[PDB]
Amino acid sequence: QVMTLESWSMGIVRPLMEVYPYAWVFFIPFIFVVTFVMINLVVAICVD
Amino acid sequence: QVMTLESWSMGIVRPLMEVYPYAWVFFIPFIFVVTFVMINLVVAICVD
Amino acid sequence: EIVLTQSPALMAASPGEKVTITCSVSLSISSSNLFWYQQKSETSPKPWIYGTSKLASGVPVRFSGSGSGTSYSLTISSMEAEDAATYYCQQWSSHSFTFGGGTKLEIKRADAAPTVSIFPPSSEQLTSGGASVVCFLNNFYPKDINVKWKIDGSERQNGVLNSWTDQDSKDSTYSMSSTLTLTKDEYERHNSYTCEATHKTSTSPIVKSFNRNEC
Amino acid sequence: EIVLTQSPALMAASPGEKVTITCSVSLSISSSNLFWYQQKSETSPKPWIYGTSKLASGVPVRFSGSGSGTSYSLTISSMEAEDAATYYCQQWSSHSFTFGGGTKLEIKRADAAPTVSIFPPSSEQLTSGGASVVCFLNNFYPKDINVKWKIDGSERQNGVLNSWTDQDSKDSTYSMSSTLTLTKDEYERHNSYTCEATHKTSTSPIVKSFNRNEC
Amino acid sequence: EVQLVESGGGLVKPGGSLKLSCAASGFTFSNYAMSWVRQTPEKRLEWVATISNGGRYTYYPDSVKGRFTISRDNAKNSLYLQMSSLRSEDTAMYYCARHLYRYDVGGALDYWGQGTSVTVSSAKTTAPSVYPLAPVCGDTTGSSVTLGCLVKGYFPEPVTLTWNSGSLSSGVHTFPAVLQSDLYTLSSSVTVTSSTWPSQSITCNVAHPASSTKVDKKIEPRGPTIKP
Amino acid sequence: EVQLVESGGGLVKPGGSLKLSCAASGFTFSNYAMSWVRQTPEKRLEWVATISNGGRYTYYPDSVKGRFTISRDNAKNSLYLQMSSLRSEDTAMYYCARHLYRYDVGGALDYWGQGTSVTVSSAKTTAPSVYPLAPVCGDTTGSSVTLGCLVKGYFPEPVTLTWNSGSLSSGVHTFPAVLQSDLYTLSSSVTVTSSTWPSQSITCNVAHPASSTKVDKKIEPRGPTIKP
Numbered sequence: 001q002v003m004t005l006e007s008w009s010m011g012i013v014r015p016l017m018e019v020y021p022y023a024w025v026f027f028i029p030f031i032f033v034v035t036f037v038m039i040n041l042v043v044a045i046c047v048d
Numbered sequence: 001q002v003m004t005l006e007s008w009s010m011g012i013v014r015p016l017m018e019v020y021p022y023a024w025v026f027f028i029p030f031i032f033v034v035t036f037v038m039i040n041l042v043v044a045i046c047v048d
Numbered sequence: 001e002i003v004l005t006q007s008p009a010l011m012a013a014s015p016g017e018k019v020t021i022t023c024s025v026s027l028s029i030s031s032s033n034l035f036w037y038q039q040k041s042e043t044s045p046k047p048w049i050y051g052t053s054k055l056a057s058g059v060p061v062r063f064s065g066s067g068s069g070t071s072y073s074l075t076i077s078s079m080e081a082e083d084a085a086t087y088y089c090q091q092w093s094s095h096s097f098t099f100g101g102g103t104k105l106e107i108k109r110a111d112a113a114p115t116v117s118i119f120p121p122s123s124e125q126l127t128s129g130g131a132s133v134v135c136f137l138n139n140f141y142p143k144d145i146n147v148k149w150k151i152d153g154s155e156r157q158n159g160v161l162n163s164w165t166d167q168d169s170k171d172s173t174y175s176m177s178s179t180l181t182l183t184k185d186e187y188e189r190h191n192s193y194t195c196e197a198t199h200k201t202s203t204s205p206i207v208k209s210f211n212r213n214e215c
Numbered sequence: 001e002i003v004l005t006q007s008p009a010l011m012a013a014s015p016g017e018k019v020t021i022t023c024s025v026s027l028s029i030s031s032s033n034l035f036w037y038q039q040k041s042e043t044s045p046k047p048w049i050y051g052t053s054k055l056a057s058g059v060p061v062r063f064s065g066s067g068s069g070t071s072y073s074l075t076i077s078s079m080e081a082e083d084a085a086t087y088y089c090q091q092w093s094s095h096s097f098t099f100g101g102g103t104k105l106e107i108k109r110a111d112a113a114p115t116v117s118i119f120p121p122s123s124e125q126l127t128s129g130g131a132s133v134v135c136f137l138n139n140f141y142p143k144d145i146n147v148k149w150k151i152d153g154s155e156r157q158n159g160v161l162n163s164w165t166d167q168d169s170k171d172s173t174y175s176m177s178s179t180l181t182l183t184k185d186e187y188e189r190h191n192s193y194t195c196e197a198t199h200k201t202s203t204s205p206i207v208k209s210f211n212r213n214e215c
Numbered sequence: 001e002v003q004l005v006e007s008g009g010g011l012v013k014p015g016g017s018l019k020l021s022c023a024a025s026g027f028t029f030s031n032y033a034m035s036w037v038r039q040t041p042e043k044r045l046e047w048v049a050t051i052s053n054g055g056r057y058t059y060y061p062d063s064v065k066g067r068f069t070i071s072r073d074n075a076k077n078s079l080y081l082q083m084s085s086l087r088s089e090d091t092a093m094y095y096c097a098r099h100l101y102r103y104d105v106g107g108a109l110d111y112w113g114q115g116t117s118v119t120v121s122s123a124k125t126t127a128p129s130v131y132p133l134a135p136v137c138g139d140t141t142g143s144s145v146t147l148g149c150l151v152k153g154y155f156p157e158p159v160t161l162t163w164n165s166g167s168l169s170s171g172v173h174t175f176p177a178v179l180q181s182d183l184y185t186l187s188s189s190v191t192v193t194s195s196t197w198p199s200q201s202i203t204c205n206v207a208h209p210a211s212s213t214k215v216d217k218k219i220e221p222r223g224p225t226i227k228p
Numbered sequence: 001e002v003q004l005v006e007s008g009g010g011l012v013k014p015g016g017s018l019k020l021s022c023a024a025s026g027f028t029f030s031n032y033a034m035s036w037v038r039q040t041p042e043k044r045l046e047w048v049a050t051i052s053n054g055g056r057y058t059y060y061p062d063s064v065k066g067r068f069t070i071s072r073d074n075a076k077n078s079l080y081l082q083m084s085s086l087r088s089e090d091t092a093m094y095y096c097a098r099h100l101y102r103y104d105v106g107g108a109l110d111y112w113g114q115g116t117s118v119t120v121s122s123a124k125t126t127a128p129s130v131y132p133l134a135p136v137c138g139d140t141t142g143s144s145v146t147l148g149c150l151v152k153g154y155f156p157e158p159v160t161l162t163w164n165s166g167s168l169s170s171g172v173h174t175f176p177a178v179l180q181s182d183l184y185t186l187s188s189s190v191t192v193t194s195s196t197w198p199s200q201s202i203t204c205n206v207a208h209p210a211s212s213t214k215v216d217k218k219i220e221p222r223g224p225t226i227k228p
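Residue numbers (the working numbering), protein chains in the order written: chain F, 1 to 48; chain C, 1 to 48; chain H, 1 to 215; chain D, 1 to 215; chain V, 1 to 228; chain E, 1 to 228.
1. Note down, in chain order, every chain E residue with its Cβ under 7 Å from the Cβ of V:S25.
2. Using 10 angstroms around the beta-carbon of H:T20, count the other beta-carbons present and answer buried if the total reaches 16, otherwise exposed.
3. Does F:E18 get closer than 8 Å to chain E when you measure Cβ to Cβ?
4. State the Cα-Cα distance for the pair E:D216 and E:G8, rounded to the nearest angstrom.
5. Can you list the alpha helix (DSSP H) stretches of 4 or more residues lying completely in the region 71 to 136 of chain H, in chain order?
6. Using the beta-carbon count (16 or more within 10 Å), is C:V33 buried or exposed?
7. Which chain E residues sit within Cβ distance under 9 Å of F:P21?
8. What are the boundary residues of the alpha helix (DSSP H) that H:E186 is part of?
9. Please report how far the alpha carbon of V:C149 lies from the alpha carbon of V:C204, in whole angstroms.
10. Taking the runs of the alpha helix (DSSP H) that are 4 residues or longer, which of them lie wholly in the region 151 to 204 of chain D?
11. Can E:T146 and H:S117 be called in contact, C-beta distance under 8 Å?
12. Could you tell me which chain F residues have their CB closer than 8 Å to the CB of E:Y103, listed as they occur along the chain?
13. On the three-state DSSP scale, how would you describe F:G11?
14. Expressed to the nearest angstrom, what Euclidean distance is found between the alpha-carbon atoms of D:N139 and H:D168?
15. Pairing CB atoms from the region 186 to 195 of chain D with CB atoms from the region 119 to 139 of chain V, are three or more of them under 8 Å?
16. In terms of alpha-carbon separation, which member of V:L4, V:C22, V:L161 and V:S201 lies closest to V:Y80?
17. By DSSP's criteria, V:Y59 is part of a beta bridge. Which residues make up the other side?
18. For my contact list, H:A85 and H:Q39 are in at a C-beta cut-off of 8 Å; report their separation, rounded to the angstrom.
19. Can you tell me whether DSSP reads H:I21 as helix, strand or coil?
20. By DSSP, does E:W36 sit in helix, in strand, or in coil?
21. Does DSSP put H:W36 in a helix, a strand or coil?
22. Answer yes or no: do V:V178 and V:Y95 have a C-beta to C-beta separation smaller than 8 Å?
23. Please identify, using Cβ separations under 9 Å, the residues of the region 84 to 114 of chain D that lie next to chain V, in order along the chain.
24. Below 7 Å on C-beta distance, what does C:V43 contact in chain F?
25. Once the 5 residues before and after H:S93 are set aside, which same chain residues still bring their CB inside 6 Å of it?
26. By Cβ distance, which residues of its chain are closer than 6 Å to E:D110, with the 5 residues on each side in sequence left out?
27. If we require 3 or more residues per run, which beta strand (DSSP E) segments fall completely within the region 67 to 119 of chain V?
28. Quick one: grab the DSSP three-state call for F:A44.
29. Between D:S175 and D:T183, is the Cβ-Cβ spacing less than 8 Å?
30. Taking the alpha-carbon positions, what's the F:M10 to E:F29 distance?
31. Determine which residues share a DSSP beta bridge with E:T213 and list them.
32. Taking V:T193 and V:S143 to be in contact with their CB atoms under 8 Å, please state how far apart those CB atoms are, rounded to whole angstroms.
33. Considering only the beta carbon of each residue, do D:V134 and V:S187 sit closer than 8 Å?
34. Buried or exposed: C:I28, going by 16 or more other Cβ atoms within 10 Å of its Cβ?
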């Protein structure tokens, strides 16, 4: 759910940040990592 | 609605998992089909 | 699991006195999960302090308590007369709730002698083959008092029913009832019945009794 | 704006009779915005039919009404005795609401003679320089009735206070009060005061009166 | 827990103002539109105002335009309506209504309130007078006996009439009042058994909160007017 | 409009079951977790169960594991708790509690209910006996006079004691009952002016709903025990 950028803020992370107030450090790098892979997975097909 | 990724988790699938426990098997490969064809469609225009 | 321990279990105070309670722990626990509760007379309790320093809504500014580590506290600066209730402290665990024991406070006022009135058994219990001599003691301070039963001088302690009262919000005194239950044949073998009140405010226990004059 | 018109304004029925009302329109209007409402005695009204055919919750299956175009209706198949109330029909416009006039139904039962009891003025109004002769008429069917006032045979129609009642759910009859208010000097210049009840159930109007016997 | 109650109202002189309210509880108030509907005492309904959810778009009939004022505050979860420079044909009943579909204006109306009476007139506030009633005589003195209570000369509407603090409620006929020459007149009757009266003492209880008048009168069983 | 009330409870023999409930109104019930907390009559609190919002993950203490049953239904907006094969140390008070933060389990608890008593014992359900009280005599017969009412021999808890259907409430001392040999005994006293009694007749009203016992007794002012 958090990969496809649907409701990761008002429904996943901001209720966690009422209890574990450093939770963003886990989810903000993740949104980087997989999305880098995703656009590279486009460009390969373009090369092919 | 489930194709263009908007509220497929908190509004469609997850209130189906309260009744049918194995509902994700129908909707998670669907995201892997249509989205694939979609970016392939984009690649077509680039080729041209 | 984790267990808590409190001190003191009982402690009293007056308006103008600054009080502080304790909630002792059995293992080192972070600050972000420890909560306070307050229970009045015959009320389901209410949340009081979230997260060991921050107050909740509907709380005046005279309430705080802090610290870290393995010892915590709650301090009332200018104590009112409505703070005579019972407290609780909570700690969350692996997957279990664990509250405390209970922390009761009392309001002090001036001393007084107990007001004593003894009642005879009614006529309908005499038809039932029984008897019940009740000796009321109402509106006295403090709670600690001792009574006796004298049947023609004989100190009887068998058949005594005692029950105290909650601390009143009107005057901060106490009340008590002592019951001497007899049978029909036992109530007619003797003449005098005497309940007394031994208290620290009078070194002579006053005598309120009844005879068998038209009885 | 658009205006509505109803027919009939008044109509009565019995249990076992099938009734149908009308809500006439002034211009051609689609079906998707037209609503019904029902108002009992001293109740704020309630929604009844959404979207000219579909029922709302809490509605038994004996209720329907349909059509299109410029004329609509509501038909009760097996009419109960609790359907004696007032209806309304609504239509939405450019930016205005427009309700109807009002559609009242009545429950019929058997005929009866009116029960008549006349009361004298009290003593305290006589001290105030006035007088008020009240002639009650309770529990009669139907609503239509006419009364008179006779003061030593003279038919007086000045100083008459009439007020009817809502249809009762207990017996479906009606009640009425007629008041003859006088002054202190006028109440002593004559002797007899007579209220009568003219009704279709008795061709002779019965006489319930009072004299100045100890008055 | 859907509820709608009201406040305000009373008596306003022609040339005054009045600022009502509407209390809303149970739903989510920031996702509907809300509207005031009035009920004339001559059995006819009429529309007053409406307002969308966000509070920026209002609508008004042309017959009262520029005179009424309607507003919303989201956090307070209640509705207002502000009046100024009233007239005489505003003597009617008011209500507070929620629309049916979400985010909408002008569809149907599913859940109303209960009502608040407002009367604008040129009379004066008075206090009632209570008179007990008792019959003159009776041939064969049958078991059916009737007593009455008269409330005449008060202003304004309403007044409350009970019997022994609301003990008895069967066999009673409460009558609608009639306004004659700026004074309201109300009458009531009750029919009991002739073995109950005068063996049981009853008292007509009248509560007039508009003038704070609490007069209680009991029935004297036909004292004759004689004096030696 | 946040409210939490309860139902169920009463008397269960050792070897029986009991199925409670919890009514929840005002918030959105499908976005919190909910938990039952018990209160012993010896002034000590204890935890019973909890359950997350979706209804799939439960937690239990080890001291009562495998015996209690807790569940949720979202549309009904109420909470259950099912018991079986009870013991004797379950004679206490129960409550129904909502957690603080959304979607969470096991934080704090902000809004409780009010309570429902459950007692498991091996006694028998009886009916109370009411005895009025009156003093013997008095030197100089001063203005302070006291009367009492005795309720002895009933089961189980609770019982209701009022005075003239709850007319007077000042100068009264309601006492907590004491259980002796499977019979509860309750006592009460009231102090009035010696000009009020016996000029005003009072009656001890006792309501025992566990045995449907409604006994009303008035005070006789010290009838002497003589017979010619």
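Backbone N, C-alpha and C fix where the C-beta goes; we use that ideal spot for every residue, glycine too.
Once the coordinates are examined:
1. For the purposes of this step, residue 25 of chain V is identified with residue 25 of the fifth sequence, where counting begins at 1. Going along chain E in sequence order, the residues near V:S25 (Cβ under 7 Å) are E1.
2. Here residue 20 of chain H refers to the residue found at position 20 when the third sequence is read from its first residue. By the neighbour-count rule (16 or more Cβ atoms within 10 Å), H:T20 is not buried but exposed.
3. Looking up residue 18 of chain F in the first sequence gives position 18. Closer than 8 Å to some Cβ of chain E, the Cβ of F:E18 qualifies, so yes.
4. In the sixth sequence, residue 216 of chain E corresponds to position 216, counting from 1. In the sixth sequence, residue 8 of chain E corresponds to position 8, counting from 1. So the two alpha carbons sit approximately 29 Å from each other.
5. 123 to 127
6. On the second sequence, position 33 is the one that residue 33 of chain C refers to. C:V33 is exposed by the Cβ-count criterion.
7. Within the first sequence, the letter at position 21 stands for residue 21 of chain F. The premise fails here: F:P21 is roughly 12 Å from chain E at the closest Cβ pair, so nothing lies under 9 Å.
8. Here the question's residue 186 of chain H lines up with position 186 in the third sequence. From DSSP, the alpha helix (DSSP H) with H:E186 extends over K184 to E188.
9. As a working note, residue 149 of chain V is residue 149 in the fifth sequence. As a working note, residue 204 of chain V is residue 204 in the fifth sequence. Approximately 6 Å between the Cα atoms of the pair.
10. Complete alpha helix (DSSP H) runs here, min 4: 184 to 188.
11. In the sixth sequence, the residue the question calls residue 146 of chain E occupies position 146. In the third sequence, the residue the question calls residue 117 of chain H occupies position 117. In this structure, H:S117 lies closer than 8 Å to E:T146 by Cβ.
12. In the sixth sequence, counting from the first residue as 1, residue 103 of chain E sits at position 103. Ordered by position in chain F, the residues that pass the 8 Å Cβ test against E:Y103 are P15.
13. Residue mapping note: residue 11 of chain F aligns to position 11 of the first sequence, counting from 1. F:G11 falls in the helix class under three-state DSSP.
14. For this step, residue 139 of chain D is matched to residue 139 along the fourth sequence. For this step, residue 168 of chain H is matched to residue 168 along the third sequence. Distance between the alpha carbons of D:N139 and H:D168 is about 58 Å.
15. no
16. What you label residue 80 of chain V is simply residue 80 of the fifth sequence in a count that begins at 1. With distances taken between Cα atoms, V:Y80 lies closest to V:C22.
17. Along the fifth sequence, read from residue 1 onward, the residue named residue 59 of chain V stands at position 59. Its beta-bridge partners are V:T50.
18. The residue you call residue 85 of chain H lines up with position 85 of the third sequence. The residue you call residue 39 of chain H lines up with position 39 of the third sequence. Indeed they touch by this definition, with Cβ atoms about 6 Å apart.
19. Residue numbering aside, residue 21 of chain H sits at position 21 when the third sequence is read from its first letter. Strand.
20. Your numbering for residue 36 of chain E matches position 36 in the sixth sequence. In the structure shown, E:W36 sits in a strand (DSSP, three-state: E or B).
21. On the third sequence, residue 36 of chain H is found 36 positions in, with the first residue counted as 1. In the structure shown, H:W36 sits in a strand (DSSP, three-state: E or B).
22. In the fifth sequence, counting from the first residue as 1, residue 178 of chain V sits at position 178. In the fifth sequence, counting from the first residue as 1, residue 95 of chain V sits at position 95. Contact: no.
23. Close to chain V, meaning a Cβ-Cβ distance shorter than 9 Å, are the following residues of the region 84 to 114 of chain D: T86, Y88, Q90, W92, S93, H95, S96, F97, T98, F99, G100, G101, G102 and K104.
24. The residue labelled residue 43 of chain C in the question sits at position 43 within the second sequence. Those within 7 Å of C:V43 in chain F are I45 and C46.
25. The count along the third sequence starts at 1 and reaches residue 93 of chain H at position 93. Closer than 6 Å at Cβ, skipping near neighbours: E1 and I2.
26. In the sixth sequence, counting from the first residue as 1, residue 110 of chain E sits at position 110. If we look at E:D110 and ignore the five residues flanking it on each side, its Cβ neighbours are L100.
27. 78 to 83, 92 to 99 and 109 to 111
28. Position 44 of the first sequence, counting from 1, holds the residue named residue 44 of chain F. The answer is helix: DSSP assigns F:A44 an H, G or I state.
29. One-based indexing of the fourth sequence puts residue 175 of chain D at position 175. One-based indexing of the fourth sequence puts residue 183 of chain D at position 183. No.
30. Locating residue 10 of chain F in the first sequence gives position 10, where the first residue counts as 1. Locating residue 29 of chain E in the sixth sequence gives position 29, where the first residue counts as 1. Each residue's alpha carbon lies about 18 Å from the other.
31. Within the sixth sequence, the letter at position 213 stands for residue 213 of chain E. Beta-bridge partners of E:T213 (DSSP): E:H208.
32. Against the fifth sequence, residue 193 of chain V aligns to sequence position 193. Against the fifth sequence, residue 143 of chain V aligns to sequence position 143. Between V:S143 and V:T193 the Cβ distance is about 6 Å, and since that is below 8 Å, they are a contact.
33. Reading the fourth sequence from its first residue, position 134 is the one you call residue 134 of chain D. Reading the fifth sequence from its first residue, position 187 is the one you call residue 187 of chain V. Closer than 8 Å, so yes.
34. As a working mapping, residue 28 of chain C is identified with position 28 in the second sequence. Taking all protein chains shown into account, C:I28 has fewer than 16 neighbouring C-beta atoms within 10 Å of its C-beta and is therefore exposed.
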